[PDB]
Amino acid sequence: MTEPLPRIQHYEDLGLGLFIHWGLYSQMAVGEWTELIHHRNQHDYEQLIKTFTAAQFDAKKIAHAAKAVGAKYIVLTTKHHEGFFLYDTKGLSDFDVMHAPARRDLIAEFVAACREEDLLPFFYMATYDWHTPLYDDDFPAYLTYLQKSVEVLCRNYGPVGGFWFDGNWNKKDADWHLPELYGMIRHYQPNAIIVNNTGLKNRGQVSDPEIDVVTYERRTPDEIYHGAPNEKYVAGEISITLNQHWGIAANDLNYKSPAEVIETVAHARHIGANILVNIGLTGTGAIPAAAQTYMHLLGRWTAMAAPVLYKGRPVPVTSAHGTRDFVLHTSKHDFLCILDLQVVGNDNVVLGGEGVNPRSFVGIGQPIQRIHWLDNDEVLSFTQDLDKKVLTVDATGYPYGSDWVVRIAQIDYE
């Protein structure tokens, strides 16, 4: 029964973010966990620092691509489990980009590029670290090292959109000293969104009062947890990757369809969450061609969906038996999100979408002036039963040559 604090309300309006995984692992192109899962010799793996040139990393291109896909923030891996830092740690560690041939603070380039495009920069930081022996040998000292690495991020790069922490699940029973860590963040970055990824086995959990967002990794839940009754509201976020891996994986051919990606983005909004779509950069920091294809396709959809994608919120309006349709609410309009439509041919050439296609909703109590598809402005016919709050629209199929996967009709009230 609490409502979101302004910065959280601002976060929910972001809607869609791009997740970016890039580290030393990227050179191998066999997934970001390669060092542990393939049981590599650490010394040999860590030699990858010597060929980390970042020769194709262009933060401007990345920010441009995020803008074009309709993303409003980017979460970049500043340090993954491998423990290599993509920024200047100022003497905290020698395992950082300043000790690689790249010799560029990549996080500085990233934040400048985000600002030029009006995107919020978010920093992913692994809390489970494979590089520093402090992790197992002196946990209290490890917490200090982690906190210092975050402190550098809080003080050297201007205002930060958010932090995305990951790895506390590796030591479920430890005292991670979150009030000190989060408190430090609140001191230097009062407006930052704090996310703690509590991992696959503990979905929806709030690990500290300072947490703003709970995560659902890889897969969508049925409902988003918004925090205990009477406590601070926390937002939710789902994250998906295009194939089975987060870092680039050259021989992972198991990509989701573009259509499924569109349905997952719409679905997140339906259940009241943001969604992160992940891409893994190449070894040298380029967006791979495959990811570019997905971004172009999703980008066509998000441009069409712009009136509702950001401000639209769940509302107690359900769809009729046997359909996957749903409704989103802004302060001026309702929007019918309609799935499973077909292309329209003509009476001679039948594509599937030709016949009258009544789609009903329960929970709309106000007389409607008009309804129209966002993609082409066609006006739909509809009937209402105001007492039972029933709306029925004839959801016409796609014009030949197009197929939006999730089609959106805007409702204009009297």
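Numbers follow the displayed sequence, beginning with 1.
- Message: Tell me which stretch, 23-31 or 63-71, has the higher mean Cα B-factor listed in the entry.
- Response: Per the PDB entry, the higher value belongs to 63-71.
- Task: Could you check the entry and say whether 370-378 or 350-358 has the higher mean CA B-factor?
- Result: The stretch with the larger average C-alpha B-factor is 350-358.
- Check the PDB entry and point out which of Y182, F123, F139, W130 has the largest C-alpha temperature factor. Checking the PDB record, the top C-alpha B-factor among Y182, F123, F139, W130 is at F139.
- If you check the C-alpha B-factor for each of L281, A192, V206, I262 in the entry, which is highest? When the deposited C-alpha B-factors of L281, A192, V206, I262 are compared, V206 is largest.
- Check where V234 lands among this chain's C-alpha B-factors and tell me if it's the lowest, middle or highest third. Answer is middle: the recorded C-alpha B-factor places it there.
- Relative C-alpha B-factor of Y157, binned into the chain's lowest, middle or highest third: According to the entry, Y157 has a C-alpha B-factor in the chain's highest third.
- Can you tell me which third, lowest, middle or highest, the CA B-factor of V327 falls into for its chain? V327: CA B-factor falls in the lowest third of its chain.
- Third of the chain's Cα B-factor distribution that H245 belongs to, per the entry: Lowest third of the chain for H245's C-alpha B-factor.
- Item | CA B-factor placement of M1, once the chain's modelled residues are sorted into thirds | Ranked within chain, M1 CA B lands in the highest tercile.
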